[PDB]
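Notes to accompany the following structure.
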Amino acid sequence: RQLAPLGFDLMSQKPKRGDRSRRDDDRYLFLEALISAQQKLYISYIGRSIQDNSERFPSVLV
Amino acid sequence: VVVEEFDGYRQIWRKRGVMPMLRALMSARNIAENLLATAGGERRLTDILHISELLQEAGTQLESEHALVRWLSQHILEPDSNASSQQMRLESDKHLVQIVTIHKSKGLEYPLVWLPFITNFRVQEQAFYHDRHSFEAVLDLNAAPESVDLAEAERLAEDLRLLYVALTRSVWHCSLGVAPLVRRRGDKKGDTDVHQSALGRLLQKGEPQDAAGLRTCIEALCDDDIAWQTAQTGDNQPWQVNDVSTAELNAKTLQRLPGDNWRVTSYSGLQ
Amino acid sequence: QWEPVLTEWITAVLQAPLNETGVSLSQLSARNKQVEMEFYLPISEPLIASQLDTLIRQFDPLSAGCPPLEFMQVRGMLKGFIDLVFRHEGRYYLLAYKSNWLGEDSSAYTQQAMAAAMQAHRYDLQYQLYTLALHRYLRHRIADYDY
Amino acid sequence: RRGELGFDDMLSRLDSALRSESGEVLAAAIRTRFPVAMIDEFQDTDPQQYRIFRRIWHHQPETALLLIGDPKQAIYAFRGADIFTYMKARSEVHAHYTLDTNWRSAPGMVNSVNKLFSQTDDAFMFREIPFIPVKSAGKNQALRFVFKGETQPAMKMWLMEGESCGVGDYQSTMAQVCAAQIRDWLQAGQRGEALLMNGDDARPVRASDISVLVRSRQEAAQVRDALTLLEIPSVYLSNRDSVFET
Amino acid sequence: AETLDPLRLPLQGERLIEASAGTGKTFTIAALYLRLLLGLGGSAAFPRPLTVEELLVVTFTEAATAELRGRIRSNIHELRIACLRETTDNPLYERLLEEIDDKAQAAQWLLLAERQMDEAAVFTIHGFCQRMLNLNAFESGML
Amino acid sequence: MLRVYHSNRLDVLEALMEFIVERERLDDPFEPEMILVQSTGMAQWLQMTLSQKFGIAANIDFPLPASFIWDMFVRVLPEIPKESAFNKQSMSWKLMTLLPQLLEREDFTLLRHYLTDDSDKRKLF
Amino acid sequence: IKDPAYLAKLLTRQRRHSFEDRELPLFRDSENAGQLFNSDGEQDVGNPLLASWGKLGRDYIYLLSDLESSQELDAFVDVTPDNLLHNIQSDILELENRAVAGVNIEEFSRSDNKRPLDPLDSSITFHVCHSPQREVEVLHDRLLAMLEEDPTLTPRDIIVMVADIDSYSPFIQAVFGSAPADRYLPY
């Protein structure tokens, strides 16, 4: 998920180390789910549409 | 027996949900196999499955059981089109002839394209045009013929753009349907309205002609890539299916249980 | 309107001692009390009711009546919420509260009526599991522990 | 009053924000956010959208504007698009760039299009929409749709015989002719006669290759009813009908 | 009109590209995106290289924006591979590799572009208008 | 002493916590043991693993980090109010009173064109 | 890293083992630790997934190394790389680059320089589906196949994570409530 900045917040203009961000949190959650898998990892995604059979692209992480 | 099994279906509907009740109804009555064995029932079965998925998605957010039936009756009475409530493709493995409009064929690719009604045109009656100098939209509420002609010119330009879009999607072969179409109510007036269409403006070079003149204009531009033939109405046989026997298949049987009686309980669970 | 009777009933409950030596609830400090302790008890064997009820009836004297309940084999974890655990003079004690008591209005709540209520509501298994959990907790916490 | 918004309301609110005095400085903030713009599909451009783009990126330095589009594809005039906005944009800008190579079709179809659309000057009947002869690709020069006999040409204009005809009879006869051509392509395609050849590679023509391009829903239903009579199933990809009406 | 070269287009002022039907317009947008990311063109180039959050691509259809984002991501990955290998099988990619003198910094910029492609500014018309209204809500006067 | 244990998986960290519990025992038997967790589900999984390792998982509190920080604020520093004056809704209701009072100031010239055009107290809130 | 005067302070700290009592350095090569960090202060991580995914981990390990009175002990159990998932975890843990780019023609022509992947290795599988209902149905069928294949696999050790739990949990409840008595696993 990517969340747009409010537009007048100073934390978005100047980021620090301990700043909350939904993008980096999800990109680290995917890495923690990759590390936490012990035996089997089953990644499933919508690769094809059901309406017009158009090609759907996966995430950048996958 | 029917009332008893429908009361059991109602108990499953109140306890398990919508999709388990519909799945048990399709498994006990075996209606899905009968719809797949019936010619033309696969589209009906896919529509039933899509309606079942939409009813599950709408009943998971509704607490009451009659509220989902009221929602289904309201969505039957409301024919409005959403992104999810449209019809899907029936089957993907079997090859089907794809009918597609000119606006929905922009940016796509097709090997063989057939255009049977590319000569059919529509005459615009409303006077809504654009100025040739200021390039602003001018709506003429009065029935002035100059605004009607200036709107018909933009209509003809839109038809020529539609003709270009419909012609520039073929890869190997495109076929066109040309005919001396007359929009006027007169039967034989000595002139035809193909110059009022988009295709006839390129064949007759924007000049009014007759049917023999249209035929000579078609036969004038004959090359190795452009050819013409007459439209002969005739049918001999529909098709040949060329069926082959289906491959054998059986479903696997689960040998062991997936899990034991594992639950985190309390004193109230043991009483 | 119930409040001035409720506060004097509460102070009459707290003044009454509940011990074999006569220890009241006012002698328990904040470090000595532990209110609503939650425990998860593990069990790896299939819990058979027939092999458990005979072992309960072998030692518990309140199991003279009370025909055995029926429950499936439970393997995994058992949750429990003890009401109060409190220590006094180097000795631990467990305390639970029951407050339904719909069928009694006179002074007939003697030891026989309370024993009949324990046999009817089946709190004996809960009390035995509470003793097992407290025994395991005192064995894990304090080294060189005797029951 | 309700605090709601629409799709055109976003364009109208941005145009009203740029229409004010301070909002031009807001456009400068956009010049602080994105100092470049590459706008695809400029034929489907509302006049409010072009007014916004002209207010933001007309002649300011360090910012680039790249309007990539095609005036021959503006077919969304019923929706709200306008080719006169594209002609105003062409009259305002000075540089013009066109692509020469065509990578999709066979060179026979490209020569057929360049023969049909370059009969006279300004075939699209507007002075600001010029047509140029496009060039085919060298890697797809050997694309041939072959029948059981000779090589089939690119464009085959089926001329319906007669002096004057109506609309419905012409539609029914051309639908029957199209269904006969579809069943002739599919009957000879499953025997290895009609093929698609790329160089030396060959492919049999399946039912998914042939596509009928119609304009409305009624003539699409006419094509589907004339094609299901000859035991040929067909799907409608432009079907926007709801499932709750069946 | 004039012919268009994707590696010789001046990125100054207003330019009007007329891509005909069937031409590689989606390939041309990815080529101009790779040109804007690395800053190529020489005298007709941009005065400074831009990041992924500064390149704005506007396409009306949402599925067209998703397909263009996937194609630009694939072109970024292919140009990163061709810059790490100093060779390619495509002539336009060959001229793109011949236009740059340095290989390590361009590969690092393409790796940063591949990592920041999730935060790319490839929006629709109404999406970009709503983002501009919600971002600078004070100058616009919106809720 | 602050101790950070770097490990790849949580099972080795649970074994280290088991070794710390079995090595150093608490002086008070009823003293709670604070285990900071990410969520309630991780607290339940840690309680399951501690019950499987020790045989009993009791008198162990699983506080959230902000709740543990506020509990340390209560325990270390006395005379602390239960609710903060700088709540989100409290700051919103204070700013709804303070923003029309600051419209005459020169620094609020950007919000004056945003608020004083048309307002049914909707943009202000 | 922040400063070269902070890099030496980081190099002075080592991690001693909690059980074996053996000290280990923070880096693989202490002499090339200054060459690994760039002039701006960002380390060129050899693993691309760890570099592109773990920025929160970078900030957290930086703020943990910024502490003064911190005592760091390491307890790392090495994973034997046999499967594909164990290969990925070993490449992440050992901090090495196994992505063969083929900088020269010898690295590009030959292909046996990579790691061999057995076709029976069902550790990491990618499944393309058409519908979310079909996606959770294929998920349930593959979980039943994994439960039937591995006998020492309890259902409590299986976790399913959905990015959008609002648009999938109706389908999850639908395909998990519609199971027969011989096919029902608890959910």
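Ligands are numbered from 1 in the order shown, residues from 1 within each chain, and chains are lettered A, B, ... in the order they appear in the structure tokens.
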Task: Residues within 6 Å of region 41-56 of chain A, only C-alpha atoms, excluding chain neighbours under 5 positions, as a ChimeraX atom specification - done: /B:88 /G:123-130
Open item on the list: Going by DSSP on the backbone, which residues of region 3-246 of chain D come out as helix (DSSP H, G or I)? List them as number ranges by chain.
Closed with: D: 7-19, 23-33, 47-56, 71-73, 83-92, 107-116, 168-189, 217-227, 243-245
Could you work out which residues of chain E fall inside 9 Å of chain G? Count only C-alpha atoms, and format the result as a PDB file with N, CA, C and O atoms, in the first residue's frame.
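Output (iface-v6.pdb):
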```
ATOM      1  N   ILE E  81      20.081  -4.771 -16.774  1.00  0.00           N
ATOM      2  CA  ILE E  81      20.818  -5.975 -17.158  1.00  0.00           C
ATOM      3  C   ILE E  81      21.787  -5.676 -18.300  1.00  0.00           C
ATOM      4  O   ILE E  81      22.956  -6.087 -18.262  1.00  0.00           O
ATOM      5  N   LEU E  84      24.704  -3.687 -16.916  1.00  0.00           N
ATOM      6  CA  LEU E  84      25.625  -4.508 -16.139  1.00  0.00           C
ATOM      7  C   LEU E  84      26.416  -5.461 -17.028  1.00  0.00           C
ATOM      8  O   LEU E  84      27.531  -5.858 -16.669  1.00  0.00           O
ATOM      9  N   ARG E  85      25.865  -5.836 -18.183  1.00  0.00           N
ATOM     10  CA  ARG E  85      26.535  -6.752 -19.097  1.00  0.00           C
ATOM     11  C   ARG E  85      27.276  -6.050 -20.228  1.00  0.00           C
ATOM     12  O   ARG E  85      28.052  -6.709 -20.931  1.00  0.00           O
ATOM     13  N   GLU E  86      27.042  -4.745 -20.422  1.00  0.00           N
ATOM     14  CA  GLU E  86      27.605  -3.917 -21.498  1.00  0.00           C
ATOM     15  C   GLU E  86      27.291  -4.456 -22.893  1.00  0.00           C
ATOM     16  O   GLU E  86      28.053  -4.220 -23.837  1.00  0.00           O
ATOM     17  N   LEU E 112      18.155   1.957  -8.356  1.00  0.00           N
ATOM     18  CA  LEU E 112      17.319   2.825  -7.530  1.00  0.00           C
ATOM     19  C   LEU E 112      15.958   3.075  -8.169  1.00  0.00           C
ATOM     20  O   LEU E 112      14.953   3.177  -7.459  1.00  0.00           O
ATOM     21  N   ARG E 115      13.943  -0.032  -7.531  1.00  0.00           N
ATOM     22  CA  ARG E 115      13.473  -0.060  -6.150  1.00  0.00           C
ATOM     23  C   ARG E 115      12.377   0.969  -5.887  1.00  0.00           C
ATOM     24  O   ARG E 115      11.487   0.718  -5.067  1.00  0.00           O
TER      25      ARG E 115
END
```
- [ ] Pick out the chain F residues within 7 Å of chain G. Count only C-alpha atoms. Give them as a list in words.
- [x]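 In the required form, that comes to residues 2, 3, 4, 5, 6, 7, 8 and 12 of chain F.
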Would you write out those residues with N, CA and C atoms, as a PDB file, in the first residue's frame?
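Final output, saved to result_8.pdb:
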```pdb
ATOM      1  N   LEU F   2      21.283  -3.160  29.744  1.00  0.00           N
ATOM      2  CA  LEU F   2      20.506  -3.382  28.532  1.00  0.00           C
ATOM      3  C   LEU F   2      21.168  -4.458  27.680  1.00  0.00           C
ATOM      4  N   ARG F   3      20.403  -5.493  27.339  1.00  0.00           N
ATOM      5  CA  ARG F   3      20.913  -6.639  26.595  1.00  0.00           C
ATOM      6  C   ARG F   3      20.070  -6.836  25.346  1.00  0.00           C
ATOM      7  N   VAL F   4      20.726  -6.865  24.189  1.00  0.00           N
ATOM      8  CA  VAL F   4      20.080  -7.118  22.907  1.00  0.00           C
ATOM      9  C   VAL F   4      20.626  -8.426  22.351  1.00  0.00           C
ATOM     10  N   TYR F   5      19.726  -9.345  22.012  1.00  0.00           N
ATOM     11  CA  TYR F   5      20.093 -10.681  21.545  1.00  0.00           C
ATOM     12  C   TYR F   5      19.746 -10.785  20.061  1.00  0.00           C
ATOM     13  N   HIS F   6      20.776 -10.755  19.219  1.00  0.00           N
ATOM     14  CA  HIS F   6      20.608 -10.886  17.777  1.00  0.00           C
ATOM     15  C   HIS F   6      20.449 -12.355  17.405  1.00  0.00           C
ATOM     16  N   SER F   7      19.338 -12.685  16.748  1.00  0.00           N
ATOM     17  CA  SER F   7      19.093 -14.048  16.299  1.00  0.00           C
ATOM     18  C   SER F   7      18.283 -14.018  15.013  1.00  0.00           C
ATOM     19  N   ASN F   8      18.351 -15.126  14.273  1.00  0.00           N
ATOM     20  CA  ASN F   8      17.645 -15.216  13.000  1.00  0.00           C
ATOM     21  C   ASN F   8      16.182 -15.596  13.191  1.00  0.00           C
ATOM     22  N   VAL F  12      15.262 -19.694  18.975  1.00  0.00           N
ATOM     23  CA  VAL F  12      16.495 -19.535  19.738  1.00  0.00           C
ATOM     24  C   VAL F  12      16.333 -18.443  20.789  1.00  0.00           C
TER      25      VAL F  12
END
```
Open item on the list: Residues near residue 28 (chain A), anyone? I mean within 7 Å using only C-alpha atoms, not counting same-chain ones fewer than 4 positions away, as number ranges by chain.
Closed with: A: 24, 32; G: 53-54, 56
- [ ] Go through chain C and collect every residue that DSSP, computed from the backbone, puts in strand (DSSP E or B); the answer should be as a ChimeraX atom specification.
- [x] /C:33-43,75-88,91-95
Selected residues written out with C-alpha atoms, as an mmCIF file, in the first residue's frame:
```
data_model
loop_
_atom_site.group_PDB
_atom_site.id
_atom_site.type_symbol
_atom_site.label_atom_id
_atom_site.label_comp_id
_atom_site.auth_asym_id
_atom_site.auth_seq_id
_atom_site.Cartn_x
_atom_site.Cartn_y
_atom_site.Cartn_z
ATOM 1 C CA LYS C 33 -2.145 -10.689 46.382
ATOM 2 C CA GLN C 34 -2.499 -11.790 42.766
ATOM 3 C CA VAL C 35 -5.936 -11.134 41.259
ATOM 4 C CA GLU C 36 -7.224 -12.903 38.108
ATOM 5 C CA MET C 37 -4.155 -14.940 37.181
ATOM 6 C CA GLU C 38 -4.460 -16.478 33.708
ATOM 7 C CA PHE C 39 -2.799 -19.820 32.977
ATOM 8 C CA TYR C 40 -2.419 -22.003 29.891
ATOM 9 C CA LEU C 41 -2.011 -25.669 30.834
ATOM 10 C CA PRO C 42 -0.562 -28.020 28.189
ATOM 11 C CA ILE C 43 -1.763 -31.563 27.569
ATOM 12 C CA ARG C 75 -5.342 -32.352 23.203
ATOM 13 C CA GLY C 76 -3.590 -28.995 23.319
ATOM 14 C CA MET C 77 -3.994 -26.144 25.803
ATOM 15 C CA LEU C 78 -6.485 -25.429 28.582
ATOM 16 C CA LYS C 79 -7.227 -21.849 29.615
ATOM 17 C CA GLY C 80 -7.952 -20.829 33.182
ATOM 18 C CA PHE C 81 -8.550 -17.634 35.151
ATOM 19 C CA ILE C 82 -7.934 -17.920 38.897
ATOM 20 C CA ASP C 83 -9.761 -15.270 40.926
ATOM 21 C CA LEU C 84 -7.229 -14.747 43.723
ATOM 22 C CA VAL C 85 -3.912 -16.275 44.798
ATOM 23 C CA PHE C 86 -2.529 -14.971 48.086
ATOM 24 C CA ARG C 87 0.340 -15.889 50.396
ATOM 25 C CA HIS C 88 0.280 -15.724 54.191
ATOM 26 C CA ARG C 91 1.929 -20.487 52.893
ATOM 27 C CA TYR C 92 0.002 -19.979 49.656
ATOM 28 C CA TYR C 93 -3.771 -20.120 49.234
ATOM 29 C CA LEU C 94 -6.229 -20.062 46.335
ATOM 30 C CA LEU C 95 -9.582 -18.257 46.438
#
```
Fewer than 5 positions away in the same chain doesn't count, so skip those; otherwise give me all residues within 8 Å of residue 243 (chain D), counting only C-alpha atoms, as a short mmCIF file (atom, residue, chain, number, x, y, z; two decimals) with N, CA, C and O atoms, in the first residue's frame.
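Ended up saving to out27.cif:
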```
data_model
loop_
_atom_site.label_atom_id
_atom_site.label_comp_id
_atom_site.auth_asym_id
_atom_site.auth_seq_id
_atom_site.Cartn_x
_atom_site.Cartn_y
_atom_site.Cartn_z
N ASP B 47 -22.74 -17.83 -14.93
CA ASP B 47 -23.57 -16.76 -14.37
C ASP B 47 -24.10 -17.13 -12.99
O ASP B 47 -24.16 -16.27 -12.11
N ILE B 51 -23.22 -15.03 -9.64
CA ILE B 51 -24.30 -14.57 -8.77
C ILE B 51 -24.13 -15.12 -7.36
O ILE B 51 -24.36 -14.42 -6.37
N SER B 85 -20.40 -6.27 -11.11
CA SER B 85 -21.68 -6.88 -11.42
C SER B 85 -21.91 -7.06 -12.92
O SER B 85 -23.06 -7.17 -13.36
N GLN B 86 -20.84 -7.10 -13.72
CA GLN B 86 -20.96 -7.34 -15.15
C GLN B 86 -20.71 -8.81 -15.46
O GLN B 86 -20.19 -9.57 -14.64
N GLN B 87 -21.09 -9.21 -16.67
CA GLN B 87 -20.91 -10.59 -17.11
C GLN B 87 -19.46 -10.85 -17.46
O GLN B 87 -18.77 -9.99 -18.04
#
```
TODO: Figure out the distance between CA of residue 41 (chain F) and CA of residue 30 (chain A), please, to one decimal in Å.
DONE: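 Computing it gives 18.3 Å between the two atoms.
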Task: Shell around region 215-217 of chain D at 9 Å using only C-alpha atoms, local window under 4 positions removed, as a PyMOL selection string - done: (chain B and resi 100-103+117-118) or (chain D and resi 221-222+238-239)
Output file for the residues above (C-alpha atoms, as an mmCIF file, in the first residue's frame):
```cif
data_model
loop_
_atom_site.group_PDB
_atom_site.id
_atom_site.type_symbol
_atom_site.label_atom_id
_atom_site.label_comp_id
_atom_site.auth_asym_id
_atom_site.auth_seq_id
_atom_site.Cartn_x
_atom_site.Cartn_y
_atom_site.Cartn_z
ATOM 1 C CA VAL B 100 -15.780 -6.354 -30.106
ATOM 2 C CA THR B 101 -16.911 -2.778 -30.718
ATOM 3 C CA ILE B 102 -14.678 -0.157 -32.319
ATOM 4 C CA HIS B 103 -14.161 1.743 -29.056
ATOM 5 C CA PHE B 117 -21.566 -3.049 -41.247
ATOM 6 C CA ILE B 118 -18.830 -0.485 -41.899
ATOM 7 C CA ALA D 221 -26.714 -9.535 -31.479
ATOM 8 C CA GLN D 222 -27.472 -9.947 -35.197
ATOM 9 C CA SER D 238 -17.981 -5.498 -25.288
ATOM 10 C CA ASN D 239 -20.969 -6.894 -23.352
#
```
- [ ] Please provide as a PyMOL selection string all residues within 8 Å of residue 72 (chain C), with the sequence filter that same-chain residues fewer than 3 positions apart are discarded (counting only C-alpha atoms).
- [x] chain C and resi 47-49
May I have the residues from that selection written out with N, CA, C and O atoms, as a PDB file, in the first residue's frame?
```
ATOM      1  N   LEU C  47      -7.398 -36.650  26.299  1.00  0.00           N
ATOM      2  CA  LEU C  47      -8.051 -36.605  27.603  1.00  0.00           C
ATOM      3  C   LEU C  47      -9.296 -37.483  27.576  1.00  0.00           C
ATOM      4  O   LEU C  47     -10.340 -37.081  27.052  1.00  0.00           O
ATOM      5  N   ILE C  48      -9.186 -38.683  28.140  1.00  0.00           N
ATOM      6  CA  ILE C  48     -10.306 -39.610  28.231  1.00  0.00           C
ATOM      7  C   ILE C  48     -11.053 -39.342  29.530  1.00  0.00           C
ATOM      8  O   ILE C  48     -10.442 -39.270  30.605  1.00  0.00           O
ATOM      9  N   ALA C  49     -12.378 -39.199  29.435  1.00  0.00           N
ATOM     10  CA  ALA C  49     -13.178 -38.903  30.620  1.00  0.00           C
ATOM     11  C   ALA C  49     -13.294 -40.110  31.543  1.00  0.00           C
ATOM     12  O   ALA C  49     -13.368 -39.945  32.767  1.00  0.00           O
TER      13      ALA C  49
END
```
- [ ] Can you pull out every residue within 8 Å of residue 18 (chain A), counting only C-alpha atoms, but drop anything in the same chain fewer than 2 positions away, and send it as an MDAnalysis selection string?
- [x] (chainID A and resid 16 20) or (chainID G and resid 59:60)
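Distance criterion 7 Å to chain F, applied with only C-alpha atoms, yields residues 138, 141 and 143 of chain E on chain E.
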Open item on the list: Could you tell me how far CA of residue 23 (chain E) sits from CA of residue 116 (chain D), in Å to one decimal place?
Closed with: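 Computing the Euclidean distance for CA of residue 116 (chain D) and CA of residue 23 (chain E) yields 18.8 Å.
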Open item on the list: I need the residue nearest chain B from this list: C:101, C:109, C:71, C:145. Use only C-alpha atoms for the distance.
Closed with: C:71
